[PDB]
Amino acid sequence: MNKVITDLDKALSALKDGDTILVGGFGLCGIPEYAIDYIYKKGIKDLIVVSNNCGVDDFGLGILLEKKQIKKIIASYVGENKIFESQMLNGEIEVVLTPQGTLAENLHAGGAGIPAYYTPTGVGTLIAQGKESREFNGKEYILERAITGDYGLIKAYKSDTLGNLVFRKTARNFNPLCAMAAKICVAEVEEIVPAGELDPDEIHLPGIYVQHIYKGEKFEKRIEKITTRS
């Protein structure tokens, strides 16, 4: 049961126009650079993308906007991409803005086999439009639906050969969520270790959720704003 691959095609070859991809990362932090690069070079289009952000103009999911490869995106914030808004205003891309916690939980629900759940978040706003509303215990909630995808594209720190993952710092974010909610999950990592090397009690994402493991040679890890002290 070796999930390790040295060529992303062994993973993404079946990815086609119109597919739904769940993509980890918060800004440029914890993004799957290689899978994104792979999609960029292969030219796949009419993609439905689920991700917290769109990256930036020249990096992350943003590079997919160049050939207009994304038809629709579900995200809680963008803000950093001029090329993005250009396509948004023109309407070349459908944008569904979702409260960040709703996006996260929708993904959780999708991986956990929960079709829908109620949330206070978004009550009495545009987000509530077209959604069932209920009262529970004297409070107002709206119905949110699970999100699932064809491919999860995630980034992590280490994997073992079983696909058990550990992330590091804030790089983790949405990555495990994108894994569990996707039919096929491809994890790219900085290091791959033998089964047994990751302690069972230190493991963040059980390998059952990872179909393919890919070790990146160099991740750029671009920083949007470098802030230091003294």
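All residue numbers refer to positions in the sequence shown, first residue = 1.
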So 202-210 or 217-225, which one's hotter by mean CA B-factor in the entry? 217-225
Using only C-alpha atoms and the B-factors in the entry, which stretch averages higher, 76-84 or 144-152? 76-84
Highest Cα B-factor in the deposition, which of 108, 71, 158, 131? 71
Using the temperature factors in the entry, find which of 104, 93, 112, 126 has the highest value at its Cα atom. 93
Give the position of residue 63 by CA B-factor within its chain, expressed as the lowest, middle or highest third. highest
Third of the chain's Cα B-factor distribution that residue 44 belongs to, per the entry: highest
Chain third (lowest, middle, highest) by recorded CA B-factor, residue given as residue 174: lowest
Lowest, middle or highest third: where is residue 34 by Cα B-factor in its chain? middle
Temperature factor at the Cα of residue 98, chain-ranked in thirds, falls in the middle
